[PDB]
Every structure is written in C-alpha cells, then in structure tokens.
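As a starting point, one isolated chain is supplied in structure tokens, in the form deposited in one PDB entry.
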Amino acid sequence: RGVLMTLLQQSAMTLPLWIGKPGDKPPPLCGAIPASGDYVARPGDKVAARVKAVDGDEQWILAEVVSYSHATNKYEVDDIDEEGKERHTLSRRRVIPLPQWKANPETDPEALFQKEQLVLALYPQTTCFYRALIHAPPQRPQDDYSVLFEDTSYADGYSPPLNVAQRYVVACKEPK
C-alpha cells in the first residue's frame, strides 16, 4: 500500500549508477540506451508490461519477469502489486525492460532522454506507465526526470512538470 510505494521508491533509489571508466560508452539498459536487439529479460527483472484487459483496454503496468519460454516466445510477468491473480503471459513486444543502471548525468548525458522526447513514464503514486514528454533530464546522479504527462483534463493537454525516477522512464511504445 503505502508499503508498496515505499518499495517502489526504494527500487528507484537503489538502481545503481553506471560507473564506466573514462573513455567507455555505457551498456544497453543504462538509462535511455535501448536493449540489445534480440534481448530477453531475466526472471526477477523489472519491466513495463502491456496488459490487455478482458474488454480490450490496453495499459502498460510495472511488472516483474517470472519466466520466458522459447517454445512460444512469450514471457510470464507478475504485476508488481503482487495482488490476487498477478500473473500475465505476454508476447515479447508487450515487454519493455526497465533500465538496469541510472545514467550518471556528469559522465554519460548521452544515455539520458532529452527535452521534448516522448516516453512512457510511471505516474507518481501508481504502478502504471503513461505517455509523457521530457521536461528536463536530471543533472545530478540522484535526481528524477521532470516530465509532462498527456492529460486531457487540462485544456492544453499536459500536466504540470512531475518528477519520475530513471528506473521508471522508458521508450514510448504506445499509440495515443
């Protein structure tokens, strides 16, 4: 509850910075650097998972990988709330791996999303990802992105800037 949000915030906090070495570029899944082309996430890894509800509604949620089957090219993932029937069998294109390192803005600004980029971002106090534009990338290792969520309750179509951690901003694989 409040417990879940504490865990999720800690997961964002404890995501390690990538400390390369001078002269080295950061790995896939550092910050905004995409996964390698045929990548399969490991059991226990955190992902954004696109869940199709029984009525057809599509929502990206925060989840944890349980398994992957070469037999079918599908994952099982568990909704991070771990409530009720938490498990979902999903195609690989419905899974985006979350970053496994924070990009350090001093050393690897190239591995951050930039102003005006369209992203999926976890909405504060929720476990769901939604379309957003980057308002500001972080400038300190500890800092969040600032993003503008699409939000039709505003005449201009966007939220004010809201903070979302690096762990919880990924490439936008959702149509409007």
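Rigid core here is just the name for the largest C-alpha set that superposes within 1.5 Å across the two forms. From 1 onward, residues are counted along the sequence shown.
Of the other entries compared for this protein that flank it with modelled residues, a third or more give no atoms for residue 56. For the pair 153 to 161 and 18 to 26, the mean Cα B-factor is higher in 18 to 26. Stretch comparison (8 to 16 versus 162 to 170) by mean CA B-factor in the PDB entry places 8 to 16 on top.
The PDB entry assigns the greatest CA B-factor among 70, 46, 135, 50 to 70. For the set 63, 148, 54, 112, the PDB entry puts the maximum C-alpha B factor at 54. The deposited CA B-factor of residue 37 belongs to the highest third of values across its chain. The PDB entry assigns residue 88 a C-alpha temperature factor belonging to the lowest third of its chain's modelled residues. When the modelled residues of the chain are ordered by their C-alpha B factor, residue 127 lands in the lowest third.
One more form of this protein, deposited in another entry, exists but is not displayed; see below.
Once the rigid core is overlaid between this form and the one not shown, residue 44 does not reach a Cα shift of 2 Å, moving by less than that. Once both forms are fitted on their rigid core, the CA atom of residue 116 lies less than 2 Å apart between this form and the one not shown.
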